[PDB]
Amino acid sequence: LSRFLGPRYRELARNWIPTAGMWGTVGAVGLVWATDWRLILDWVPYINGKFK
Amino acid sequence: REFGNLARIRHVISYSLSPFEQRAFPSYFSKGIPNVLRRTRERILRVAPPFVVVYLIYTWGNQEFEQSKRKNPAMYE
Amino acid sequence: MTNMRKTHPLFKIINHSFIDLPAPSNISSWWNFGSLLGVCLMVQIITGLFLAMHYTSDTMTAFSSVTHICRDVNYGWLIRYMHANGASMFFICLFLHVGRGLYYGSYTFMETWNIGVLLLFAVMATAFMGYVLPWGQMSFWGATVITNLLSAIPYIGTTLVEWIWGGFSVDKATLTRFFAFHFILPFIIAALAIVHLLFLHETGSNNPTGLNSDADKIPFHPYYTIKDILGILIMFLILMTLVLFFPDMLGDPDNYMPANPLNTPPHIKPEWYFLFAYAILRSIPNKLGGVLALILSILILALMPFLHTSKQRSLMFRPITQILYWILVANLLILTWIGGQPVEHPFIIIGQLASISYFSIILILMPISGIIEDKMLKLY
Amino acid sequence: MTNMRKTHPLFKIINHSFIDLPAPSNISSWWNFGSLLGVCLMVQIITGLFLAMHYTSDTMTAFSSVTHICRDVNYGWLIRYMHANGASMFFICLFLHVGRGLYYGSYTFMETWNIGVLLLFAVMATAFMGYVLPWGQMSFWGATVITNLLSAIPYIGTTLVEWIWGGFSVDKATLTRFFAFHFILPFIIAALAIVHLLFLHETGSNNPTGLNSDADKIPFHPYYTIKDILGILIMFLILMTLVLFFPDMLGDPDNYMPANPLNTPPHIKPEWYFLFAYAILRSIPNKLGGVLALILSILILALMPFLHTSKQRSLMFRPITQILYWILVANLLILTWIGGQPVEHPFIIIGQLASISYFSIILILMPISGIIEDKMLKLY
Amino acid sequence: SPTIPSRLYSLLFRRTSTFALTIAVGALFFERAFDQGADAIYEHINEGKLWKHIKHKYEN
Amino acid sequence: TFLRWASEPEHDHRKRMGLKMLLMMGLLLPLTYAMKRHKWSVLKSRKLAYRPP
Amino acid sequence: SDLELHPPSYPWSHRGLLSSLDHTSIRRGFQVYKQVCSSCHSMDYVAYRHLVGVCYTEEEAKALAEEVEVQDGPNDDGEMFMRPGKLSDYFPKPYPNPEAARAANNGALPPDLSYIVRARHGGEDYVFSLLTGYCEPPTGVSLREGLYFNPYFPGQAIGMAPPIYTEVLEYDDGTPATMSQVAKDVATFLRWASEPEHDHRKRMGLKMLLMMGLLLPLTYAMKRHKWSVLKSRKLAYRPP
Amino acid sequence: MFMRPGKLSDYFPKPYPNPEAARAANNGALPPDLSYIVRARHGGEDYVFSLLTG
Amino acid sequence: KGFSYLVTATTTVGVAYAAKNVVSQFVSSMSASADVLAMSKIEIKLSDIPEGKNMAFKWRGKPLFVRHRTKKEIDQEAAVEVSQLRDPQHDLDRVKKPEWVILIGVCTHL
Ligand SMILES: CCCCCCCCCCCCCCCCCC(=O)OC[C@H](COP(=O)(O)OCCN)OC(=O)CCCCCCCCCCCCCCCCC
Ligand code: HEC
Ligand code: HEM
Ligand code: HEM
Ligand code: HEM
Ligand code: HEM
Ligand code: FES
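Residues numbered from 1 in each chain as written, not as in the entry; some residues may be left out. Chains lettered and ligands numbered in written order. Part of a larger assembly, values for the part shown. Heavy atoms only, no water. Residues with missing side-chain atoms left out of burial classes, pairs and counts.

Going by what the PDB entry lists, chain G is known as Cytochrome c1, heme protein, mitochondrial and is assigned to Mus musculus. What the PDB entry is called, per its title line, is "C respirasome from murine liver". The UniProt entry for chain G carries the following text under Catalytic activity: "a quinol + 2 Fe(III)-[cytochrome c](out) = a quinone + 2 Fe(II)-[cytochrome c](out) + 2 H(+)(out)". The Subcellular location comment attached to chain G in UniProt states, word for word, "Mitochondrion inner membrane". (UniProt positions renumbered as here; feature names shortened; annotations may be inferred.)

Looking up chain B in the PDB entry gives the name Cytochrome b-c1 complex subunit 8, with the organism given as Mus musculus. Comment text from UniProt for chain B, heading Sequence similarities, reads "Belongs to the UQCRQ/QCR8 family."

And the structure:
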């Protein structure tokens, strides 16, 4: 879609990428918290204690 | 949404009769056969060549499968 | 006095949807297939309810219960073969429904099209576990094959397969949970069909000419009521001729032996729609690529509204893309035949060419043909 | 730019039904029980779906399958006791729903009340067949009791009980068809609940004062959203303490024995929510009279809106009818108790007087109280 | 004069995305902490009765 | 033949019901088609005129 | 007669709302069942794989599973052979069919003790009262041989001989094997066999009460916060 | 277990109690149950006739 | 606002914890059970089968192939090179013992 090119949409994307990154971060954290992903959860300080 | 405000039609007159006064099959064969033939002639060259090449591919595949299951006479020894 | 049909709220909804619905006056017999699908869904629901009334989902007694249905239950053979041939007729009507949409440009109703695609996945899944439900040889081995296809997914696929199997193979837990899923998903299909009809009613129906048919609108009753009644009667004629004369020409003979986990059939042939998907699977020679090939071969239906690059909605006035469309339908017929045939020469190369041609003429050739046609009619 | 919430069709239906619904601002906690019933229905659907995922409807394997769910399936004991105590909670919420409707004059919504009565029948049948499902001793014997009580009908009863039995007693076919019906009937309950809510939204909601609430109405969200969430949390508290601490006080120990046709239980009783109907049917000493008394005692709720002889809707300003209604609730408690203990002395006369007083209060005494209440308020 | 709820609002409770991040991280840490505390309460209530309390007699 | 019977004990009843279905549906299909053409005859012989000023 | 004697409420170690079972008592009760009760009763819904993890080590459970011989098959030529038991095998039947049990037990059928606590009125209290309640019949109660007077049994004429007494077995812990101790241990074991999810369910309930005592004031606070707009709303009427 | 004369409710008698006895009596080959052999083999009764006469 | 949103966040954390627990219990419920976990690992085996034969059992839901091989087959499969195969792996690394070979019957195609 060539309509979404141009400086206004580029700076709108520049405004919305911190919020998009934050939403991706909370998605990843919720995913690992729900799935109990050992590969990520073994590198925390505390959650090692439950061995999961 | 409903009838009444769908379209804008002006100066159009429609004529209809009773189903109980007109025939259900008015010249069903003497006009049905030329109409079906005309429709077939109009849309026969868009369906028949793909279906015929399907038939050709089907026969070719079955034939060469039978020939591949056939014994090659190169192994006499 | 008050018009109760237009005043009572359930009667108001039935009036606004089925009675006084403005329908195009020129829709062909291809537009009866939605009502055929709904009626066939109701037939499947009722017949399956009777089969589950006389059916036990245990690996020791599933096949014995099916034989008990066919032999001891009064007209249980009629109910079971009605259910099986009605599933086949359901897929026939579903494929003709999708073909009507593809030919007449009904995919521009994007929400309706996407709800239809979700309904399509629900119907294939439901029919798959219904096919494994009698616990035959082909049933068990088809379940094993499709779930190993699920195992082709990297890094989570094995865990998903041990999760969905209820163990480490297709066994008692798999059969029982597949019975529960096959019971419950057609009601989700009915709810999704209600959402389908709601999204259709939001924008009205389509006509073969592809034009704005609001100039000539007729009510759904009595014209399309009696037209759909005639279509229902014709579908019942075909289904009952299948049931009472050829109850096994669409099924599998090898499904009539009990499922032996040791022995295997020399040919693993699922039903013909799964043979189409199966040929698209085996055309690409790796597990992961074949799995994404199958899911993409179904999902390009949902991708279709963004590939429409023509200024005319229907194919009625588009002759080149008509030729490509019938080439595509011919190619699906060839793919079904290859899925039926075993993996021997020349079926590998024929199926590979068929899958390449299928994906190419859906993704590439049809929009290019549309551009050529709009240039040809002096519109580009 | 458009308002997507009230522009998108499914979204605008959801918004007009649940989000922007003008609700009375003063409805108390008694108005949470409809949403509690809906949440209980969803919980039952999920828990029973998993129970049927691990359940086989075979007479030889029903009890062993239930034990396998309880012991071998991970948290299958939790699922099963969630199902049973959710049935108890479902009937608690149903009884409080009906009590709200009777006290606050909600039966004047005649079609909504009748759809609710049909819902009550469907839920009672669903729970009866589900209680039959584990194939315990009390399950089998209660099934025989209820089917013979249906067989009491002259010239129709024997053929109907042989048809429902699938034979000559409660057996393989009866258990399997009861499993099929118990699976399918909650979805009919859900569809009838959509009809219930549709009729209610057509008529609007009722306030405890019984007045015209259009002067002071608030949006459903977020007020009744958070109120219903609090009610759901409290209902889950009671359900989970019933599951995790007292799982058998509302159940029956005799259901933990295998179903023995040769051995009778010491005292046969149905579940606690069938006890008032069981007590009145024991009270009238005729089989046809007893089954007709049961049927009329449940249909009298549908007969209720034609008994409103007062110019006030709710019982908030009706003290005599309040006293009569609380005596009615007390008599329902007596009937549940009398269905508890067997049919001996003095339970004969206690149950007979309880049934006669129950019918007399609900038919004769309440309209007479309303009439003299209007006379005392000088209405005519 | 800035209080602890004031700092919590100015840092984490203002934006919805970082609000949800706070909810998720708190869910993880509170799941571990609540599981540890409730398990310890259960052990202290049922000292000397559980298999994890009596396995050392019958192992090795 | 005995194995065919043991495989399909519903063979004769199925053929009899198929004959009944064939005769019955050969009776209904012209009749239902006649009903469809009768109800649809209003539109099929409808005449359209355009009379602009 | 037609009367029933209600068993009294004994103070078990698991009768509290957060109290678990005594796993040593379940061990002693399993030993009592294996050495005494297994000759007549069946426990077909409980296995050695159920035993491991709450009472025994895996090696100990394997040893006491292999000490009994079970029937298995078929082999290559199709013959029912006999092999030592494994963990996945259930407790062995003392009788192949209930009719054999009735024949070998003077007509009375010994019920399966996998749900007897959950299936009898009183439960473990009823089991303790039945086992320790054997007494001589009173005057006027003539009981034929093969039946024993038991006040806690409905009908008062049980077909069970008194199964336990003083020094009826030997415990491995050195606990005195008195009648009351044996009855309490086997009642604890039968309660475990009826509800294997007992301590796990109690832990779920403890977590649920702590969690809901956290959630309910806070959810109520959210409800009052949202409803504070209406509960403090003031109305005024100013007609002209 | 004991022996009694059969009646109409009984099915056709078992030649072998388990398929391993069939393997033992047929040197490793399993004679399939002939209740669905026509519906199970391609050709059906044609296949049975050709197998017996071939 | 921090106090009110702290109350809201604590409620949401609690509901998230409870929801994750109940969904985890349901998912683990429809996962594998104790019977299929017990019947998978332990395998009873005999040694009453001569050399050059095959035995088909059930191990982890799969057809277990226990093959007693002959010395000619052992020598041929030890002398065959691994450079011409699709995956380089010889018999001394595939199996520990030459007489007995333990394999699965699940084909790596379908
Ligand atoms: C150029 C032809 C001119 C014909 C003139 C006929 C006389 C015209 C004047 C008298 C009127 C007679 C009736 C006219 C009906 C309508 C007009 C008509 O038929 O036109 C010809 C028709 C459409 O023309 P058009 O769309 O331009 O075709 C270009 C092809 N791309 O085009 C056709 O019919 C050609 C169709 C050819 C299709 C070939 C397909 C080959 C490949 C099939 C592969 C299928 C998949 C196989 C598997 C692959 C993988 C292994
Ligand atoms: C063989 C002599 C047995 C021994 C050893 C044990 N029991 Fe038994 N039991 C036996 C019979 C023949 C019967 C039936 C008696 C009758 O009248 O029904 C029983 C019954 C029971 C019961 C059920 C009582 C009831 O009211 O249903 C229980 C709870 C019971 N027995 C307990 C029990 C225990 C705990 C045992 C081990 C110490 C035990 N019995 C041993 C036969 C025999
Ligand atoms: C159980 C499955 C389905 C049911 C019950 C169903 C139902 C219906 C019905 C009753 C109609 C109206 C009849 C008509 O317009 O011809 C309709 C139309 C339509 N369906 Fe479906 N359908 C199903 C599957 C599908 C699928 C698989 C697709 C697409 C991939 C789809 C897309 C459409 C579209 C686009 C229309 C509009 C056609 C038009 O406007 O002319 N549906 N559907
Ligand atoms: C509420 C709806 C349904 C129920 C209760 C149901 C139930 C059943 C049952 C119990 C069986 C096994 C009985 C047997 O095959 O002998 C079965 C088989 C089957 N089901 Fe369904 N079904 C339903 C809907 C559907 C639908 C909508 C489809 C397909 C679109 C479908 C496809 C199949 C197929 C193909 C079989 C195999 C029949 C055979 O092999 O004999 N079912 N169904
Ligand atoms: C599965 C069964 C049922 C469901 C899901 C259901 C659902 C609901 C819901 C969501 C409401 C609105 C919330 C409320 O007012 O509490 C409601 C209200 C109502 N229900 Fe039900 N209900 C069921 C059964 C019944 C029964 C058994 C009756 C009466 C015999 C009934 C009669 C009514 C009436 C009259 C109202 C209107 C109350 C008012 O306007 O204040 N419903 N129902
Ligand atoms: C789609 C919905 C449902 C399904 C699939 C379902 C399925 C089942 C199954 C498989 C059982 C056997 C497990 C057992 O015996 O414990 C059962 C039992 C039972 N069901 Fe349901 N059920 C559903 C809804 C309901 C509803 C709505 C009610 C009552 C209002 C109900 C009441 C019961 C009861 C009381 C039992 C007996 C449980 C016991 O005795 O322990 N069920 N159900
Ligand atoms: S499954 Fe073995 S080669 Fe295909």
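1. Some points on the packing of helix α11 (residues 272-283) of chain C against helix α13 (residues 319-340) of chain C
All names here are of chain C. Where α11 meets α13, the closest approach of the two axes is 7 Å, and the angle between their N-to-C directions is 85 degrees. In terms of their interaxial angle, α11 and α13 are classed as roughly perpendicular. Residues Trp272, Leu275, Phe276, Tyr278, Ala279, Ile280 and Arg282 of α11 pack against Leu332, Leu335, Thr336, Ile338, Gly339 and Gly340 of α13. Residues belonging to the contact of α11 with α13 are distributed by class as follows: nine nonpolar, three polar and one charged. (Axes fitted to C-alpha atoms, helices over the stretch in contact; angles between N-to-C directions. Helix = DSSP H or I, 4+ residues; strand = E, 2+ residues; numbered from the N terminus. Parallel < 35°, antiparallel > 145°, perpendicular 65-115°, else oblique. Contact = heavy atoms within 4.5 Å. Nonpolar A, V, L, I, M, F, W, Y, C, P; charged D, E, K, R; others polar.)

2. Some words on the coordination of the iron atom of ligand 5
All names here are of chain D. Within the protein, the iron atom of ligand 5 binds to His97 (NE2) and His196 (NE2); these donor distances fall in the range 2.1 to 2.2 Å. Taken together, the six donor atoms surrounding the iron atom of ligand 5 define angles of 81 to 178 degrees at the centre, an arrangement classified as octahedral. Note that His97 is positioned in helix α4 (residues 76-103) and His196 in helix α8 (residues 172-203), a separation of 99 residues in sequence. Classification of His196 by relative accessible area gives buried; the value is 17%. (Donors = N, O, S within 2.8 Å, 3.2 Å for Na, K, Ca; no water. Tetrahedral: all angles 85-135°; square planar, octahedral: opposite > 155°, others 65-115°. Buried < 20%, exposed > 50% of the residue type's maximum accessible area, 1.4 Å probe, protein only.)

3. Brief notes about the site of ligand 5
All names here are of chain D. Taken together, 21 residues are adjacent to ligand 5, and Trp31, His97, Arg100, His196 and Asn206 come closest. Interatomic distance of 2.6 Å between a side-chain N/O atom of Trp31 and an oxygen atom of ligand 5. Between ligand 5 and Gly34, the relevant distance is 3.2 Å, taken from an oxygen atom to a main-chain nitrogen or oxygen of the residue. Broken down by secondary-structure element, the contributors of at least two residues to the shell around ligand 5 are α2 (33-53), α4, α5 (110-132) and α8. When its residues are assigned to classes, the shell around ligand 5 shows 12 nonpolar, eight polar and one charged. (Near = heavy atom within 4 Å. Polar contact = N/O pair within 3.5 Å; in protein donor to acceptor, adjacent residues only side chain to side chain.)

4. Points about the environment of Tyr134 of chain G
Residues and elements named next belong to chain G. Assignment of secondary structure puts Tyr134 in the loop between α6 (124-132) and β3 (148-149). By relative accessible area, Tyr134 is classed as buried at 18%. Each C-alpha atom of the pair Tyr134 and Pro8 lies 15 Å from the other, and the pair is 126 residues apart in sequence. Excluding its chain neighbours within four sequence positions, the residues that come into contact with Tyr134 are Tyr148, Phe149, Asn150, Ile158, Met160, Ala161, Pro162 and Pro163. Within the structure, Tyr134 has its side chain in polar contact with the backbone oxygen of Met160 (distance 2.7 Å).

5. Focus: the interface of chain C and chain F
Taken residue by residue, the interface counts 27 residues in chain C and 24 residues in chain F. Buried surface at the junction of chain C and chain F, both sides included, amounts to about 2200 Å², of which 77% is carbon and sulfur. Across the contact surface, chain C and chain F share one salt bridge. Across the pair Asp216 of chain C and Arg46 of chain F runs a salt bridge whose closest N-O atoms are separated by 2.8 Å. Across the contact surface, chain C and chain F share five residue pairs in polar contact. Broken down by secondary-structure element, the contributors of at least two residues to the side of chain C that touches chain F are α4 (62-71), α5 (76-104) and α10 (220-245) of chain C. When residues of the side of chain C that touches chain F are assigned to their parent elements, the largest contribution, 16 residues, is made by α10 of chain C. Across the side of chain C that touches chain F, the residue classes break down as 22 nonpolar, two polar and three charged. (Buried area = accessible area lost by both parts, 1.4 Å probe. Salt bridge = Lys/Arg side-chain N within 4 Å of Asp/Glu carboxyl O.)

6. Examining the interface of chain G and chain D
With 38 residues of chain G in contact, the opposing surface of chain D contributes 34 residues. Buried area between chain G and chain D, summed over both chains or domains, comes out near 3200 Å², and the portion from carbon and sulfur atoms is 70%. On the chain G side of the interface with chain D, the three residues burying the most area are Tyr115, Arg118 and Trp227 of chain G, jointly 20% of the side's total. A salt bridge links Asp72 of chain D to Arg49 of chain G, with the shortest nitrogen-to-oxygen separation between them at 3.6 Å.

7. Considering the environment of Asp36 of chain A
You can see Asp36 of chain A is positioned in the loop between α1 (7-35) and α2 (38-41). Residue classification places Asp36 of chain A among the partly exposed residues on the basis of a relative accessible area of 25%. What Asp36 of chain A contacts, discounting residues up to four positions off in sequence, is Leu41, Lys50 and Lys52 of chain A together with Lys20 of chain I.

8. Structural notes on helix α11 (residues 287-303) of chain D
All names here are of chain D. With 17 residues, α11 should reach 24 Å at 1.5 Å per residue; the first-to-last C-alpha distance of 23 Å fits that figure. Taken as a whole, α11 carries its principal kink of about 30 degrees at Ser297. Buried within α11 are the following residues: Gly290, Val291, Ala293, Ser297, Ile298, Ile300, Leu301 and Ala302. Where α11 is buried, its residues touch α4, α5, α6 (137-151), α10 (275-283) and α13 (347-376). (Expected span 1.5 Å × (residues − 1). Bend = angle between axes of the 7 residues up to and from the residue.)

9. Here we look at the packing of aromatic side chains
Tallying each qualifying case throughout the model produces 87 aromatic pairs over all chains. Centroid distance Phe34 of chain E to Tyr17 of chain I: 5.5 Å. Interplanar angle 85 degrees. Geometry classified as edge-to-face. One end of the pair, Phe34 of chain E, is in helix α2 (residues 16-45); the other, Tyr17 of chain I, is in helix α1 (residues 2-29), on a second chain. The burial state of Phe34 of chain E is the same as that of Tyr17 of chain I; both residues are buried. A network of ring pairs unites the aromatic residues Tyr55, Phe179, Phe183 and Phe187 of chain C together with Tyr55, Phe179, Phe183 and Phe187 of chain D as a single cluster. Stacked on the ring of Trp40 of chain F, the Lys or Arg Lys36 of chain F has its end atom at 4.8 Å from the ring centre. Sitting above the plane of the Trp227 of chain G ring, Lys223 of chain G keeps its charged end 4.8 Å from the centroid. (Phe/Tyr/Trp six-rings, centres within 6.5 Å; stacked < 30°, edge-to-face > 60°. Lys NZ or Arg CZ within 6 Å of the ring centre and 35° of its normal.)

10. Considering the arrangement of the chains
Among the 16 pairs of chains in contact, the pair with the most contacts is chains D and G. Of all C-alpha pairs spanning chain E and chain H, none lies closer than 43 Å, and the two are not in contact. What separates chain H from chain I at the closest point of their C-alpha atoms is a distance of 13 Å, and the two make no contact.

11. Some words on the UniProt feature "binding site: heme c" in chain G
Residues and elements named next belong to chain G. Mapped onto this numbering, the UniProt entry gives "binding site: heme c" at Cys37, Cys40, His41 and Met160. These residues run over 124 residues, yet every pair of their C-alpha atoms falls within 11.1 Å of each other. Counting through the fold element by element, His41 comes out in the loop between α1 (23-35) and α2 (48-51). Apart from the residues lying within four places of it in its own chain, the contact partners of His41 are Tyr33, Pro94, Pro110, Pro111, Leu113 and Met160. Within the secondary structure, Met160 sits in the loop between β4 (157-158) and α7 (179-194).

12. Quick notes on the site of ligand 2
Residues and elements named next belong to chain G. In the region of ligand 2, 22 residues are neighbours, and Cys37, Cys40, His41, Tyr126 and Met160 sit closest. Contacts to ligand 2 include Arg120, whose side-chain N or O atom sits 2.6 Å from an oxygen atom. At 3.0 Å, a backbone N or O of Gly159 approaches an oxygen atom of ligand 2. With three residues, the single largest contributor to the shell around ligand 2 is α6.

13. Brief notes about the coordination of the iron atom of ligand 6
For a metal with four donors in a tetrahedral arrangement, the ideal angle between donors is 109.5 degrees, while six donors in an octahedron ideally sit at 90 or 180 degrees. Residue and element names in this part refer to chain D. For the iron atom of ligand 6, the full set of protein donor atoms is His83 (NE2) and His182 (NE2), at a range of 2.0 Å. Classification of the site at the iron atom of ligand 6 rests on its six donor atoms, whose angles at the metal span 84 to 178 degrees, yielding the label octahedral. Residue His83 is located in helix α4, and its partner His182 is located in helix α8; the two are separated by 99 residues in the primary sequence. On the basis of relative accessible area, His182 is assigned to the buried category, the value being 16%.

14. A short note on the sheet that holds strand β3 (residues 100-104) of chain I
Residue and element names in this part refer to chain I. Taken in spatial order, the three strands line up as β1-β2-β3 in an open sheet, and their pairing is antiparallel. Where the open sheet ends on each side, the last strands, each with one partner, are β1 (53-59) and β3. Taking each pair of neighbouring strands and ignoring which way they run, the sheet shows an average axis angle of 25 degrees. Where β1 and strand β2 (residues 62-68) come together, seven bridges link them in antiparallel fashion. Following the sheet pairing, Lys58 is matched in β2 by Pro63. (Pairing = 2+ DSSP bridges.)

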